[PDB]
Amino acid sequence: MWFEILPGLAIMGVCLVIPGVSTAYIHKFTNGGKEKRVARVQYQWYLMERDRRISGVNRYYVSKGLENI
Amino acid sequence: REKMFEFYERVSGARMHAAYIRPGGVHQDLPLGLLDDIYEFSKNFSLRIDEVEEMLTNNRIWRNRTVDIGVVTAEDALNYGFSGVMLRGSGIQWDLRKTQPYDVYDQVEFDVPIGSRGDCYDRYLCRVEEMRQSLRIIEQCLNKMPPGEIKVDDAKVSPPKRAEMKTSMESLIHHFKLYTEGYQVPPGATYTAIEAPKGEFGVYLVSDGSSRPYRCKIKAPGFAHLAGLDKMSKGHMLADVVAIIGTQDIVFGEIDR
Amino acid sequence: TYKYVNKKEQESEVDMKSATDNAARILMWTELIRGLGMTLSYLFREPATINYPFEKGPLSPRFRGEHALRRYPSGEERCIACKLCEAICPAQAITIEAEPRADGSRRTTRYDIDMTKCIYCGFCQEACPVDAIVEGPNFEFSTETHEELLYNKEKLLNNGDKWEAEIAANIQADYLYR
Amino acid sequence: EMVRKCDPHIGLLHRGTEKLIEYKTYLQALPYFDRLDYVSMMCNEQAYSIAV
Amino acid sequence: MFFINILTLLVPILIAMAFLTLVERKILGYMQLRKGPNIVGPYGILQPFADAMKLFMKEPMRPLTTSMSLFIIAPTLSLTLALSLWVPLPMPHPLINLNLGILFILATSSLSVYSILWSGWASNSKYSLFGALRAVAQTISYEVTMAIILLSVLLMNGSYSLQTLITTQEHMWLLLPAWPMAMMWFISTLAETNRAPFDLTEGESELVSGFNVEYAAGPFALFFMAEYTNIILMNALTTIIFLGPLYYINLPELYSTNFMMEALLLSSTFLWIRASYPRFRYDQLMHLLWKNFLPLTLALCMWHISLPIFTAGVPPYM
Amino acid sequence: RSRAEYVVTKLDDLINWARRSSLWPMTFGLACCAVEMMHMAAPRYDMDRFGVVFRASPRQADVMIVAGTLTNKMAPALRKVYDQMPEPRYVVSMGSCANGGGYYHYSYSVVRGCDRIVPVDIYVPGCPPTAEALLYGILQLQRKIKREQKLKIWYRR
Amino acid sequence: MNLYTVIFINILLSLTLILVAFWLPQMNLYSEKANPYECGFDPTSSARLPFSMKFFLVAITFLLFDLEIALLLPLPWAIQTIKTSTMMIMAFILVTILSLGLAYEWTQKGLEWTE
Amino acid sequence: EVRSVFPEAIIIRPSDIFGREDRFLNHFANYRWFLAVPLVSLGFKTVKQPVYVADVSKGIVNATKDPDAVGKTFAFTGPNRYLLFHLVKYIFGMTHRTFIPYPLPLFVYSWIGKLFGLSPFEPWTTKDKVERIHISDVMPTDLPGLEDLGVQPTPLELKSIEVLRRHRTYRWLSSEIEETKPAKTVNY
Amino acid sequence: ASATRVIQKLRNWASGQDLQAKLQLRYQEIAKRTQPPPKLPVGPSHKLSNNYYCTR
Amino acid sequence: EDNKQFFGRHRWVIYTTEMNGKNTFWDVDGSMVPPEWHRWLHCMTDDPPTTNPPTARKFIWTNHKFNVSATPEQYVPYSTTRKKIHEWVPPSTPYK
Ligand SMILES: CCCCCCCCCCCCO[C@@H]1O[C@H](CO)[C@@H](O[C@H]2O[C@H](CO)[C@@H](O)[C@H](O)[C@H]2O)[C@H](O)[C@H]1O
Ligand SMILES: CCCCCCCCCCCCO[C@@H]1O[C@H](CO)[C@@H](O[C@H]2O[C@H](CO)[C@@H](O)[C@H](O)[C@H]2O)[C@H](O)[C@H]1O
Ligand code: SF4
Ligand code: SF4
Ligand code: SF4
């Protein structure tokens, strides 16, 4: 019966969700719990480099608020 | 097809090479219940044709692969030795079951499908419609099936029934001789032709008076059709040639013998 | 009587309605969609596949399969070496020798069937006057060597002893048609 | 991919049926006709049966 | 961590490819009133692994007339490019974030034809040369319109960035305003993947096996792995461009689940199409693209230049 | 025996299973016997559910099914395509003609059994064998492949 | 760095499969096996002889049409211009002349393959 | 030991046997994979008289019926003797592969044979194989040969191409027998 | 035969036919595999008189 | 049996796991079906051998055998006839 096609489909379906989900989680793990920063233009890269320089630990994603001034 | 192989196997014991039709009639009578099962198959088959027509007949891809492919004129088809659908696809009104009938073909009603363009698409349409006309003949055969014996009551040709063979002296002698020497055929020669599914199927059979044929020349319809492949393939691509081989409907058991 | 398969050439004028219907058919692939509908409808049909070898294709008592040599209910061989089967065999697949048995009986000393010459036509079993040689119902006897398909008398009698229960019942079901 | 000439070479299934039939009785020759157009078996039988 | 992320893309995609070979054979089977594989594993789920192990245990061909460097290179290039097409795909976040990701796809996909061209030529046999020259014709047919179709769509996106397509479709599928381009795009991806009814470079009824006819064993498997990976890729691309999966910044996995479902469905229609139609003639594919798609594609490109100006709907640069 | 012999034996099973489970015959058929081969692929028997898939290229085929009569004119071509199958390869002789010449055994033009031209693994009798009889022979080839001991024999050399 | 890393892994994976496929299986090289395939009969000539191209004119037309799309692919940046009327006229004229070029070749039978 | 339990045994002593599946012509042809062909003393101190495989089998099968063969030792050699240098050069001429010979001492050569001998599959070469390549065939004297068993020895020049054509590239596949210059022969 | 009413509607709509009335799979409509014995008739030459072979 | 299944699937056999000393847990084939059940399972009749047993004959095999090809039990052909020509045997005693 047609529903016997589904075991292969479910395996396909699981395999096609892992890349999207794994990339989203690995980004947050490696970017301080936030989305990985996107630098489309030079201005955005400049902000990341400034964030890295003021972080104290050479990581752009470690943010400094008003407690730092 | 697998269901029709069962009708073959039920009358003869073999799905394909039945050896069931013999000179004098048929080998055995139909088993009880076979006509009903042939009727059950027959009443659903036209829907199976409709589904296939739904896939191909109006499909623009199918029409692009068969329309104006392998066009053959009526005059060339006659001079090239074509027969069957290879003539009727070009409009020639010819079919041996109607023009030179054999067995009980003059007692059944059916129509001969005729092409208009002489190309692969018209020949495909002719063959689809021929299947529909076959169902029409089958229905008449089912209703008009008469009673009686199934081989000629002439024990110098047709073997006697096994019960007679085991009771009567004449039947045993005739059984013995028919399965050893065989029946003698008076000397002569005939060219006999039928409207086989692939075209005119012919035999030129020479008897010298004995129980073995002196000469048997077999006329295969596909032998002339394949000989016309070069003619039909002019100005066509390799993929068209694949279609034109299919449109001739060719089996090499009959072309090569 | 004849009919035209592709003569629908009663050329007519075209309205806006029919021209648009023709336009929609070309531009929106409607007949191609009908094709997908047909294959979709088969997707949800029960497949015709049987679970071979746990299930089998239907057969009939007339089925022509592996040959066997039969006996009378006493155990006496039915074959009396008449050679009608050998004479009729269209493949010359049968080879027979015979002599008077120790009790004076007319019996074979050789009865060979080359199963790789045989065409499984059943002419031998029609020709046999005593229902000795038959094609049985077995069709699952493929081998790993050519030599295993050159059956001698011992093999053919063992097939008879192996398959008689089914062979007898198939003959009881068909012999009135013979 | 334009086809300039088709030269069909056959005989790759030529088995000498017609010669073999000369050594057969008429009944013995019948099964050779099943194996000609082996898609239309019974029609081949019918042609040979009518001729005989 | 970036190396772990490469694994969690490549390995699941290669398993998805392997099981698409199973799904194809079962979907085709059931549309043909058969079952397809149901013995090798439960419901046939080990059949792909058996075929893979069989092929790599088989003797690989070393034909005498063959020019061996290109013969080996072509299947190697095929799988490399198929896997590379996945790295910029945002599901919703890509492994590699590219500014011109769409142009990366076209260039990478366009290099993929050379695996067919070189394998067919390098094999140095007539049926393989026929398959290579059909690939030349195939690319000429569809590549003429594929980039213009994409161009018109991306005048509503405003960039070549794949991630921007997610935001463009925040409130509506791009299918709705672009369905005529979506239709032409869908036919183009069938031809681009050499799939039926345009499976011409292999076309087994005509060329036996076309470009890969001289290939055996594991080298043959690479072409097959590359073809099934590309089918998933092109449909996933169609999903992101026209069928914008639902995106929520706090629920990224919702995008991934929705993306997979639509991508699975679009891959199924590829197998459904194969079961339904006859093959085009390869001159007829050229006429389909150049005499039907190309006129409409050019008109619609002009229309999609015109639209944002007269509706004041130019998308943002950033 | 030893644990190295046990491991070798389990590997034989694994590689044997893979070749059993993915037998790809050549698209290759000679006469009426090929029609019954089509019926084995047809829905009732559906050979593809056992993992059996026709491929037209000898380079991509594992099994040759000699399905019909082998003439002298055809014999070199059949030998050629057999030689062009990569190994491991198997031959199934199907039907009386291929098995030993059958109805045409005594012809001037016919090879009396394809096993004069190629080695044969399975002989399937019948004229033609039914689709089911052919399927039985294919399953007998699988069990033959299941018995291959190539790695065990290599280990003991 | 990341794009270089993944593409090298892609290259690395493909080459490893090739090495496995060529060194794992048992081999048996002989001349008849390695001769070119042609349906069981020998080829009558080299596959390296000229193979006529019937669509050669479409092929070189494709070269020009491929530079036309190269002129169109800056359009996403061009629609950001203040000079909207100028951009629109340039894009409209560019598409129209390309259409006229296709229309001319179509009516000259330049899209028909040679026989 | 064989004659001690079967004193009437026929003993067949072939030289190196060439043929389609040999480990002689195929072996040297496969030196192309290592670019340069080592030979002890450059192959000028080794004489070979190789014999065709179908000649040996024909002689072996004739010895099953020959009344005069029992209890004897036969030497099955080919018609011609060659120095190992010219034989290998001819092999590379027939394969149309670049022939680059260079001398290699036997003790270094044996060590390479031991390394290749470590293969757990079928070794490409062994130490024993290296030793046997550089032992000269013994000059014919006294023992009967193939002619005594009704076999005319086939020259290597008549049959080598059937063995060596598969070792050519596509450029040279169709090159005929006569394009290769035959090897120079010796009488010692 | 065992399709649900929902699937029957789906496949009837998709095909454009009434598939349930003409199923390609066979159920109980076919003949029984055991039948009563036949009794076949004899031909016109089964006569005890006026049946000399030379007249036929 | 299940007569609600379509013709072809309405009857089936579950093979034993051991027959004649052979392990048939995985290695099953159609030749394991004995003749009395072969008729029923192939639908040559509607009557199973439980309620319609076959006739008993003393020479019928009591133990069915499956296909024994490529085993020590395989059939090996041979001529079943005896020597036809008889040689002269020379005398054992000498002659002078
Ligand atoms: C510094 C130089 C070092 C010394 C170099 C010595 C090189 C000698 C290489 C010998 C050949 C090894 O190469 C390998 O040989 C085997 C068997 O020998 C052959 O391999 C294959 O073909 C033959 C054909 O009959 C089969 O017998 C064999 O079983 C199969 O594996 C190939 O020819 C090659 O795969
Ligand atoms: C032979 C080739 C022929 C094909 C080429 C034909 C090109 C001709 C194009 C005619 C259409 C020009 O359409 C023209 O669009 C511009 C903007 O783009 C409109 O311009 C309008 O909006 C712009 C902003 O964009 C305002 O700054 C301007 O004041 C206002 O007029 C014009 O009102 C309209 O007339
Ligand atoms: S079945 Fe036909 S071919 Fe076979 S032995 Fe009987 S008569 Fe001869
Ligand atoms: S089997 Fe029958 S026909 Fe043949 S020799 Fe014996 S009794 Fe006569
Ligand atoms: S064995 Fe019989 S069915 Fe098969 S090819 Fe020969 S004649 Fe035809």
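Residue numbers begin at 1 in each chain, while the letters A, B, ... track the order of the sequences. Both backbone and side-chain heavy atoms feed into the values below; hydrogens, waters and symmetry mates do not. We count ligands from 1, going down the list as the structure has it; atoms in each ligand are counted the same way.
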(message) Give me the residue, atom name and distance of the protein heavy atom closest to atom 8 (C) of ligand 2.
(response) G/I89 CG1, 4.4 Å
(request) Apply side chain to side chain donor-acceptor pair (under 3.5 Å) to J/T81 and C/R110, showing your working. (result) CA-CA 6 Å; J/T81 55; C/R110 174 195 295 286; 3.2 Å; yes
(message) I'd like to know if F/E132 pairs up with F/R44 as an ion pair, taking the criterion as any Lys NZ or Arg NE/NH1/NH2 lying under 4.0 Å from an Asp or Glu carboxylate oxygen.
(response) no
(message) Rounded at 0.5 Å granularity, tell me how far CG in C/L157 sits from NZ in C/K162.
(response) 14.0 Å
(request) Name the closest protein heavy atom to atom 8 (Fe) of ligand 5, giving the residue it belongs to and the distance to 0.1 Å. (result) F/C32 SG, 2.3 Å
(request) Walk me through it: do F/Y136 and F/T130 pass the test side-chain contact (heavy atoms from CB on, under 4.5 Å)? (result) CA-CA 10 Å; F/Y136 179 92; F/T130 65; over 6 Å; no
(request) Answer yes or no for C/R62 and C/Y177: cation-pi contact, defined as NZ/CZ to six-membered ring centre under 6.0 Å and angle to ring axis within 45°. (result) yes
(message) Out of E/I305, G/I93, G/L100, G/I97, who is nearest to atom 5 (C) of ligand 2 when you count heavy atoms only?
(response) G/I93
(message) If you define the side chain from C-beta out and look only at heavy atoms, does anything of G/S99 sit under 4.5 Å from E/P295?
(response) no
(request) May I ask you to decide if the ring planes of D/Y32 and F/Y103 are parallel, tilted or perpendicular, using 30° and 60° as cut-offs? (result) parallel
(request) Below 4.0 angstrom from a heavy atom of C/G122, which ligand 3 atoms are there? Numbered from 1 as shown, please. (result) 1 (S), 2 (Fe)
(request) Output the list of atoms in ligand 3 that are nearer than 4.0 Å to some heavy atom of C/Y120, sorted by atom number. (result) 1 (S), 4 (Fe)
(message) At less than 4.0 angstrom from any non-hydrogen atom of F/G68, what atoms of ligand 5 do you find?
(response) 5 (S)
(message) Considering non-hydrogen atoms of the protein only, which is the closest contact for atom 1 (C) of ligand 2, and what is the distance?
(response) G/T96 CG2, 4.5 Å
(request) State whether any protein heavy atom lies less than 4.0 Å from atom 28 (C) of ligand 2. (result) no
(request) Check if C/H67 has a non-hydrogen atom at a distance under 4.0 Å from any atom of ligand 3. (result) yes
(message) Is it the case that the side chains of D/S49 and D/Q46 hold a donor-acceptor pair, with the cut-off being a distance below 3.5 Å and no angle test?
(response) no
(message) Heavy-atom pairs closer than 4.0 Å: do any link ligand 3 to the side chain of C/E135, the backbone, both, or neither?
(response) side chain
(message) Taking a cutoff of less than 4.0 Å between a non-hydrogen atom of the residue and any ligand atom, is B/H17 in contact with ligand 5?
(response) yes
(request) Output the distance between atom CZ (E/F310) and atom OG1 (G/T84), rounded to the nearest 0.5 Å. (result) 14.0 Å
(message) Between F/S93 and F/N99, do the side chains contain a donor N or O and an acceptor N or O under 3.5 Å apart?
(response) yes
(message) Could you check whether atom 13 (O) of ligand 2 has a protein contact, counting only heavy atoms that fall below 4.0 angstrom?
(response) yes
(message) In the complex you have, is atom 18 (O) of ligand 2 within reach of the protein, judged by whether a heavy-atom distance drops under 4.0 Å?
(response) yes
(message) Out of all atoms in ligand 5, which are within 4.0 Å of some heavy atom of F/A31? Include the element for each.
(response) 5 (S)
(request) Examine all N, O or S atoms of F/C97, backbone included, and report whether one is under 2.8 Å from atom 8 (Fe) of ligand 5. (result) no
(message) With a cutoff of 4.0 Å, is F/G102 in contact with ligand 5, counting heavy atoms of the residue only?
(response) no
(request) Specify the protein heavy atom at minimum distance from atom 3 (S) of ligand 5: its residue, its atom name, and the distance to 0.1 Å. (result) F/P128 N, 3.3 Å
(request) Return yes when at least one protein heavy atom is under 4.0 Å from atom 10 (C) of ligand 2, and no when none is. (result) no
(message) I want to check something: taking the side chain as every heavy atom from C-beta on, are E/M156 and E/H304 in contact at a cut-off of under 4.5 Å?
(response) yes
(message) Donor-acceptor check, side chain of F/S96 to backbone of F/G126, threshold 3.5 angstrom: yes or no?
(response) yes
(message) What protein heavy atom lies closest to atom 7 (C) of ligand 2? Include the residue and the distance to one decimal.
(response) G/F92 CB, 4.1 Å
(message) For atom 34 (C) of ligand 2, what is the closest protein heavy atom, and at what distance to 0.1 Å?
(response) G/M88 CE, 5.0 Å
(request) May I ask you to decide if the ring planes of B/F5 and F/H39 are parallel, tilted or perpendicular, using 30° and 60° as cut-offs? (result) parallel
(message) We want to know whether C/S60 and B/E9 form a side-chain donor-acceptor pair, criterion being a heavy-atom distance below 3.5 angstrom.
(response) yes
(request) Please indicate how many protein N/O/S atoms are found closer than 2.8 Å to atom 8 (Fe) of ligand 3, with waters neither displayed nor included. (result) 1
(message) Give me the residue, atom name and distance of the protein heavy atom closest to atom 4 (Fe) of ligand 5.
(response) F/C33 SG, 2.3 Å
(request) Number the atoms of ligand 5 from 1 as they appear, then name those within less than 4.0 Å of a heavy atom of D/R35, with their elements. (result) 7 (S)
(request) Flag the pair D/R15 and B/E254 as a salt bridge only when some basic side-chain nitrogen lies within less than 4.0 angstrom of an acidic carboxylate oxygen. (result) no
(request) Return the residue, atom name and 0.1 Å-rounded distance of the protein heavy atom closest to atom 2 (Fe) of ligand 5. (result) F/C127 SG, 2.3 Å
(message) Does the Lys NZ or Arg CZ of C/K153 fall within the cation-pi geometry relative to C/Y111 - under 6.0 Å from the ring centre and within 45° of the axis?
(response) no
(message) Looking only at side-chain N and O atoms, does F/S109 offer a donor or acceptor that is under 3.5 Å from a partner on F/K73?
(response) no
(request) Establish whether atom 32 (C) of ligand 2 and some protein heavy atom are separated by less than 4.0 angstrom. (result) no
(message) Students should be able to answer this: which protein heavy-atom is nearest to atom 23 (C) of ligand 2, and at what distance?
(response) G/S85 OG, 3.9 Å
(message) Salt bridge or not between C/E164 and C/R78? Use side-chain N to carboxylate O under 4.0 Å.
(response) no
